[PDB]
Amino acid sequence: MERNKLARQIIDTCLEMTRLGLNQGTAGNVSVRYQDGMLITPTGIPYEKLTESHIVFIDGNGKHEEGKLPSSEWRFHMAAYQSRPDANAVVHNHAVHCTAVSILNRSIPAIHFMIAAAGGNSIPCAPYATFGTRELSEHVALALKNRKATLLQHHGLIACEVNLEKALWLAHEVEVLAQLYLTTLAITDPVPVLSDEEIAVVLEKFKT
């Protein structure tokens, strides 16, 4: 649990994200909870050119390391960590299916039982606010109070979990749910959903 081991994992997650089809270009940003703040990917630098020393430390006051420029979206990573004390890693990307659902400004309802992985019977869609602002941060903190992932209107996705592996896994699962929703929505509106009682059983089984 040293800085260099955590910085490698961040970089590996960025790579895996691109391999999975979730990250296009310079879109995503990944962070881990560290000491009193977090370690996050830098702004600008292409994923494949990323080295361990590129990773940026931002303390709990929002002061970033000297000589580095953190992701332009670091503020909502810090919002996630303060709103969900159990979150230790945050993955943000502009995955195509999730982003298309966020353009329609729709929550993803319970079309599949794996929706319970984010904590409830839906994936919310937080209202639009300019990237990097305090207004965006507040919408994100409110959307993550009872969910581990949220869409961002006209923007993309944020997923948080107990470690990077799980955070990536959830982000990928939400992109599948988004794709399922858009494919079925093009055929029938509304899309058949599982009832709240059924999601309630699946949530209890997921605890077990």
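Numbering starts at 1 and follows the sequence shown.
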**Item:** Of 40-48 and 142-150, the stretch whose C-alpha atoms average the higher B-factor in the entry
**Value:** 40-48
**Request:** Between 157-165 and 22-30, point out the one with the higher average CA B-factor as the PDB entry records it.
**Result:** 22-30
**Asked** C-alpha B factor of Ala171, ranked within the chain: lowest, middle or highest third?
**Response** lowest
**Message:** Going by the CA temperature factor in the PDB record, which third of the chain does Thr188 belong to: lowest, middle or highest?
**Reply:** highest
**Complete:** On the chain's distribution of Cα B-factors, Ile55 falls within the third called highest
**Item:** CA B-factor placement of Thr130, once the chain's modelled residues are sorted into thirds
**Value:** middle
**Asked** How does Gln82 rank on Cα B-factor within its chain, lowest, middle or highest third?
**Response** highest
